[PDB]
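Structure file work-v9.txt (compact mmCIF, C-alpha atoms) is printed below.
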# COMPACT_ATOMS: atom_id res chain seq x y z
CA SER A 4 -14.83 -7.35 -12.10
CA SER A 5 -13.29 -8.62 -8.87
CA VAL A 6 -10.54 -10.75 -7.32
CA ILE A 7 -10.01 -12.06 -3.77
CA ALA A 8 -6.78 -11.36 -1.94
CA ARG A 9 -5.41 -11.64 1.57
CA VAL A 10 -4.51 -8.43 3.36
CA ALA A 11 -0.81 -7.84 4.07
CA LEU A 12 1.05 -4.89 5.53
CA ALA A 13 2.72 -2.41 3.15
CA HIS A 14 6.50 -2.01 3.38
CA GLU A 15 7.47 1.14 5.34
CA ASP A 16 9.18 2.90 2.44
CA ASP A 17 6.05 2.30 0.26
CA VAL A 18 4.60 5.88 -0.17
CA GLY A 19 0.86 6.43 -0.69
CA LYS A 20 -1.41 5.91 2.24
CA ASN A 21 -4.21 5.25 -0.28
CA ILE A 22 -2.10 3.04 -2.60
CA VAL A 23 -2.57 -0.71 -2.46
CA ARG A 24 -0.04 -3.02 -4.09
CA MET A 25 -0.93 -6.13 -6.13
CA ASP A 26 1.25 -8.39 -8.27
CA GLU A 27 1.21 -8.03 -12.05
CA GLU A 28 -0.65 -11.31 -12.72
CA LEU A 29 -3.41 -10.41 -10.30
CA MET A 30 -3.75 -6.85 -11.67
CA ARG A 31 -3.93 -8.31 -15.19
CA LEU A 32 -6.70 -10.71 -14.19
CA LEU A 33 -8.68 -7.95 -12.47
CA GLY A 34 -8.13 -5.81 -15.57
CA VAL A 35 -6.52 -2.81 -13.84
CA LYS A 36 -3.36 -0.90 -14.73
CA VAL A 37 -1.08 1.07 -12.38
CA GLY A 38 -2.94 4.05 -10.89
CA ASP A 39 -6.50 2.77 -11.40
CA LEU A 40 -9.14 3.14 -8.68
CA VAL A 41 -10.35 -0.09 -7.04
CA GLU A 42 -12.89 -0.69 -4.29
CA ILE A 43 -11.82 -2.94 -1.39
CA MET A 44 -14.49 -4.58 0.74
CA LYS A 45 -15.01 -6.84 3.70
CA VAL A 46 -18.01 -5.43 5.63
CA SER A 47 -17.26 -1.74 5.07
CA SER A 48 -15.68 -0.54 1.81
CA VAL A 49 -12.90 1.85 0.78
CA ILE A 50 -11.70 3.07 -2.61
CA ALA A 51 -7.93 3.12 -3.17
CA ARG A 52 -5.50 3.33 -6.10
CA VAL A 53 -3.46 0.31 -7.30
CA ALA A 54 0.31 0.00 -7.83
CA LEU A 55 2.63 -2.93 -8.66
CA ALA A 56 3.57 -5.36 -5.86
CA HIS A 57 7.31 -5.83 -5.01
CA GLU A 58 7.60 -8.69 -7.69
CA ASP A 59 7.88 -11.87 -5.65
CA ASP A 60 4.26 -11.57 -4.39
CA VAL A 61 2.95 -13.32 -7.55
CA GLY A 62 1.83 -16.59 -6.01
CA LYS A 63 0.59 -15.18 -2.66
CA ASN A 64 -2.58 -13.47 -3.92
CA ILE A 65 -2.01 -10.71 -1.32
CA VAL A 66 -2.90 -6.99 -1.40
CA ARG A 67 -0.42 -4.81 0.49
CA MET A 68 -2.02 -1.90 2.39
CA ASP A 69 -1.00 0.83 4.80
CA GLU A 70 -2.01 0.09 8.40
CA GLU A 71 -4.30 3.11 8.50
CA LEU A 72 -6.19 2.07 5.34
CA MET A 73 -6.72 -1.31 7.02
CA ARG A 74 -8.13 0.53 10.07
CA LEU A 75 -10.43 2.60 7.84
CA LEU A 76 -11.78 -0.51 6.13
CA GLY A 77 -11.98 -2.46 9.38
CA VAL A 78 -9.52 -5.25 8.45
CA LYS A 79 -6.31 -6.78 9.82
CA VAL A 80 -3.33 -8.53 8.25
CA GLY A 81 -4.60 -11.97 7.17
CA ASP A 82 -8.19 -11.00 6.31
CA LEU A 83 -9.63 -11.83 2.91
CA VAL A 84 -10.92 -8.82 0.94
CA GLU A 85 -12.61 -8.47 -2.42
CA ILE A 86 -10.99 -6.00 -4.83
CA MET A 87 -13.22 -4.73 -7.58
CA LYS A 88 -12.62 -2.34 -10.39
CA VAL A 89 -14.72 0.76 -9.85

Represent the structure contained in this file as structure tokens.
Amino acid sequence: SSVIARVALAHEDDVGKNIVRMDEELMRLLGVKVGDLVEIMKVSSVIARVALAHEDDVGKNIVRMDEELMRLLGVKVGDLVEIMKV
């Protein structure tokens, strides 16, 4: 099962270098709950854990990520990624 989201930069008090943050509606559609593993792909792939977005983010269809996880995956803020339940 997968959704498409645009990459955005995690807030600097957000803890969890391997935690990505998605809004409730988007998590519900993907069928994941807080703490589930997901795989995030563009050309490479990375597996991360999911947590709730900061609330507003519901229309945006964004996935918030730590800058280093973006570097590991090979993506920058603005890129589209696929997020799939693993």

Taking 2 positions as the minimum chain separation for residues in the same chain, which residues sit within 12 Å of residue 56 in chain A when counting all atoms listed in the file? Answer as number ranges by chain. A: 11-14, 17, 22-30, 37, 53-54, 58-68

Please report the interatomic distance between CA of residue 35 in chain A and CA of residue 88 in chain A in Å with one decimal.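 Computing it gives 7.0 Å between the two atoms.
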
Which value, in Å to one decimal, gives the distance between CA of residue 55 in chain A and CA of residue 80 in chain A?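 For CA of residue 55 in chain A relative to CA of residue 80 in chain A, the distance reads 18.8 Å.
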
In the coordinate frame of the file, compute which residues have an atom within 8 Å of (-10.0, -2.5, 5.5) when using only C-alpha atoms, and state them as JSON, numbers by chain. {"A": [43, 44, 45, 47, 48, 49, 72, 73, 74, 75, 76, 77, 78, 79, 84]}

Counting only C-alpha atoms, which of A:31, A:50, A:36, A:69 gets nearest to residue 89 in chain A?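 Checking each of A:31, A:50, A:36, A:69 against residue 89 in chain A, counting only C-alpha atoms, the winner is A:50.
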
Pairwise distance for CA of residue 83 in chain A and CA of residue 20 in chain A, rounded to one decimal in Å: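 CA of residue 20 in chain A lies 19.6 Å from CA of residue 83 in chain A.
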
Top pick for closest residue to residue 10 in chain A, considering A:82, A:41, A:52, A:87 and counting all atoms listed in the file: A:82

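The smallest atom-to-atom distance between residue 34 in chain A and any of A:57, A:21, A:4, A:81, using only C-alpha atoms, is found for A:4.
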
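Across A:32, A:46, A:40, A:51, the tightest approach to residue 5 in chain A is made by A:32 when counting only C-alpha atoms.
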
Find the residues around residue 6 in chain A up to 7 Å (all atoms listed in the file counted), leave out those fewer than 3 positions away in its own chain, and share them as a PyMOL selection string. chain A and resi 33+85-87

Would you write out those residues with C-alpha atoms, as a CSV table (one decimal), in the coordinates of the input?
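The resulting file, result-v6.csv, is reproduced below:
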chain,number,residue,atom,x,y,z
A,33,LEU,CA,-8.7,-8.0,-12.5
A,85,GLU,CA,-12.6,-8.5,-2.4
A,86,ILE,CA,-11.0,-6.0,-4.8
A,87,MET,CA,-13.2,-4.7,-7.6
